[PDB]
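Just so you know, all these numbers are worked out from the coordinates, no wet-lab data involved. No Cβ is skipped: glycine too gets one built from the backbone with ideal geometry, and neighbour counts run over all protein chains shown.
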6 protein chains.
Amino acid sequence: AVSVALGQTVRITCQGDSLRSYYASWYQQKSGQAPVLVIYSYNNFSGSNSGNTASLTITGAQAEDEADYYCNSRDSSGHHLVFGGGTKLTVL
Amino acid sequence: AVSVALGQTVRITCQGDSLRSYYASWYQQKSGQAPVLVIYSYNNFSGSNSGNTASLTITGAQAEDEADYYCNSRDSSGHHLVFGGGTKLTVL
Amino acid sequence: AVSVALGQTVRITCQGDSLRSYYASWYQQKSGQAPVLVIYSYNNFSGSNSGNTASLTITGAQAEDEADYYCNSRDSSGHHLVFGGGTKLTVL
Amino acid sequence: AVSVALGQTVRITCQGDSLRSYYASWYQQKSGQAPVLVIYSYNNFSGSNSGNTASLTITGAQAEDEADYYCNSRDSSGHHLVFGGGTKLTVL
Amino acid sequence: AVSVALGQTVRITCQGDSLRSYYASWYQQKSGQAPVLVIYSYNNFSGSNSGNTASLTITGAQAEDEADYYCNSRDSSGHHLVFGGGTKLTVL
Amino acid sequence: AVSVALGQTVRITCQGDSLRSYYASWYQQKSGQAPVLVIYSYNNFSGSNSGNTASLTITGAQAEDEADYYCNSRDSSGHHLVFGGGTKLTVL
């Protein structure tokens, strides 16, 4: 009569070798990530039956080195269903 | 009669080898990511039955090195359904 | 009678080898990403039954090196359905 | 008659070796991530029957080094269903 | 007649060796993560039958080094179902 | 007649060796994580039948080094079901 099934099957398989060999003297300098962000500063939404998905993301500085080598499923998601105002499924 | 099935099958398979060998002296300098962003600064949405998906993203500086070598499914998603104002599915 | 099925099958398979070998002394300099963005600065939406998808993205500086070598499904999505004002599916 | 089944099967299998060998003197300096973010500073949502998913994320500075080498499922999710205004599934 | 089954099977298997050998004198300096965030400072939601998922995250500075080498399922989740306004599943 | 079964089977198996050997004098300095966050400072939700999941997280400074090498299932979760306004499953 009714069958409601919410399933998520995530099968991730990685086979790899990361061999990193430095045989000689080296120098790395990635210094100085100081972005100055000044937003909406130093200056002189929805109604009754609705569905609203709003995202504000502010990041000053992000820096990834030698990372996420294999099968990086970070922050994975699915089927975002933002319904508003009343849902009705009916069979007669 | 009713059957509502929300499924997501993610099967990721990577087979690789990353061999990185430096046999001689080297120098790398990626310094100086200080973008100055000044937005809406230093200066003298929706109604009753609606669905609204708004995204504001501000990033000052992002820097990825030697990253995400294999099968990078980072921030993956699907079927974003932002419905507003009342949904009705009916059979007679 | 009613059957509503939201499915997403993502099957990604990569087989590769990244062999990077430097046998001699080298120098790399990618310094100086300081774009100055000044937006809407230093200066003297929708009504009742609607669906609105608005995106504002501001990035000062982005820099990817030696990244995303194989099968990069980063930020993947599908079926964005922003409905407004009331939906009705009816059979008699 | 009714069968409601919410399932999530996550099978992640990684086989890899990360061998990192430095045979010579080296120097790394990634100093200076002091982004100055000043947001909405120094300056002189939804109604009755609704579903609302709002995210505000502010990060000053994020820095990942030599991390997430294999099978990184960090912050993984699925089937976000934000329903509002009353749901009714009915069979006769 | 009714069968309601909420299941989550997470089977993670990693086999890897991280051998890190430094045979020569080295220097690493990642100092200076003091982002100054000043938000909504120094300046002169939902109604009756609804489901609302709101997240505000503020992080001053995050720094991960030599971490999450294998099978990092940190902060994993699934089937977030935020229902509001009264649910009714009925068979006759 | 009724069968309601909430199950969670988490089987994590990691086999790895982390051998870290430093044969020469070294220096590491990661000092200076003093982000100054000043939020909503120095300045001159939901109604009757609803389900609401709100998270506010403020972290001044987080720093992980040489951590979470294998099978890190820290803060793992599943099937967050925040229902509001009265649920009724009925068979006749």
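State whether one or more residues within segment F:35-42 are aliphatic (A, V, I, L, M) and either more than 7 Å from chain E (Cβ to nearest Cβ) or not in a strand (DSSP E or B) (or both). Spell out the reasoning first.
Initial filter on segment F:35-42 (aliphatic (A, V, I, L, M)): F:36-39.
Those left that are additionally either more than 7 Å from chain E (Cβ to nearest Cβ) or not in a strand (DSSP E or B) (or both): none.
No; the residues of segment F:35-42 include none that is aliphatic (A, V, I, L, M) and either more than 7 Å from chain E (Cβ to nearest Cβ) or not in a strand (DSSP E or B) (or both).
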Does segment F:50-92 hold any residues that are surrounded by 13 or more Cβ atoms within 10 Å (Cβ to Cβ), part of a loop (DSSP other than H, G, I, E, B) and hydrophobic (A, V, I, L, M, F, W, C), and which are they?
F:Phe83, F:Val91
The one condition in (1) of a type in the set (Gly, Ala, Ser); (2) exposed (fewer than 13 other Cβ atoms within 10 Å of the Cβ); (3) over 30 Å from A:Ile58 (Cβ atoms) that C:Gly7 fails to fulfil
(2)
Does D:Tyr70 satisfy the criteria of being at positive phi, of a type in the set (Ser, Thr, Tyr), at the interface with another protein chain (Cβ under 7 Å from one of its Cβ atoms) and out of contact with any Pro (no Cβ under 7 Å at 6 or more places or on another chain)?
no
Filtering segment D:40-49 down to residues that are surrounded by fewer than 24 Cβ atoms within 10 Å (Cβ to Cβ) and of a type in the set (S, T, N, Q), which residue is farthest from E:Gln62 (Cα to Cα)?
D:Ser48
Within segment B:10-34, work out how many residues are assigned to a loop (DSSP other than H, G, I, E, B), surrounded by fewer than 22 Cβ atoms within 10 Å (Cβ to Cβ) and out of contact with any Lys or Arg (no Cβ under 7 Å at 6 or more places or on another chain).
5
Residue list for segment C:19-34, restricted to those being within 24 Å of the chain's Cα centre (by Cα) and either of a type in the set (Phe, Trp, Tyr) or closer than 17 Å to B:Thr57 by Cβ (or both):
none
